[PDB]
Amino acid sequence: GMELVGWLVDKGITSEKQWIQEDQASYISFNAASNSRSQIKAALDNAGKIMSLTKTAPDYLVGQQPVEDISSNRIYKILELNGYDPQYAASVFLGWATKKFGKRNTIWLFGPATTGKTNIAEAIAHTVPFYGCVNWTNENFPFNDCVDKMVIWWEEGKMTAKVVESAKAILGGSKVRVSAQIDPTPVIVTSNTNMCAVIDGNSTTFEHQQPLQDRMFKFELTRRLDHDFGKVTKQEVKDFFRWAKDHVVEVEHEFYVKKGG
């Protein structure tokens, strides 16, 4: 019962499918004489409510296992390829996941296509039990999917003038309403364009550029990756953040993430 919920929360398992996909073994053990369909649902619902309402990205991004060799880690490599001190960069990511940098609550992965921006952002978003994506096709409710999430991934679309203030709040980690409210949540933006551009009808303005970049850490990934590089895996995310935690260095609260030690 409640022993199972503790486990689901620890493992970040929100659905029976996931539970089976990730640990088919424990699912069969647990259910063995019987498959209480109600007990299962209750545990999952409870675990999910506990995770979405009170847990944070770090609980799932930071791997539980030691990372002896981080050099093989795709995230580490991508950062390295572009001139970033992976240890310093990891600290930015670590502090970012832990809402350590005040208004700088957003990591912006900028760069031309095939640089690994989506590879990283999506791996991270899929590592946490609950993540939301900013939906610009829905001009009315662009953040509907961003409630009670551990990571918000802004993958596409431009910010509209009608939501810029809300956007600044979310990107800046300040609670804001969208009926339903978005508590501070680490945002990761991936784009090949200046997403600080704001659309107001026929007008495109950069007047909100400074406010916007005051809430971001910007990484510039320009090194096109070989089609062979591979997808950053959930485990790689875990190892990367665990490694970051075990080797954290001081980070400067600056828009541009420096390129060096």
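Each residue number is its position in the shown sequence, starting from 1.
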In terms of residues present in the deposited sequence but not modelled, what lies between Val178 and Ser179: none, 1 to 3, 4 to 9, or 10 or more?
4 to 9
Do the C-alpha atoms of 139 to 147 or of 116 to 124 have the higher average B factor in the entry?
139 to 147
Regarding 37 to 45 and 57 to 65, which shows the higher C-alpha temperature factor on average in the entry?
37 to 45
Per the entry's Cα B factor values, which of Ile182, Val92, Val187, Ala161 stands out as the maximum?
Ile182
Among the candidates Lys234, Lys218, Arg215, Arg224, give the one with the maximum CA B-factor reported in the record.
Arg224
Using the temperature factors of the C-alpha atoms in this entry, rank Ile75 within its chain: lowest, middle or highest third.
middle
Report the third (lowest, middle or highest) to which the CA temperature factor of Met2 belongs, ranking only the modelled residues of the same chain.
highest
Would you mind ranking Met195 by its C-alpha B-factor against the rest of the chain and naming the third, lowest, middle or highest?
middle
Quick one: classify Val9 as lowest, middle or highest third of the chain based on its Cα B-factor.
lowest
Compared with the other modelled residues in the chain, in which third is the CA B-factor of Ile107?
lowest
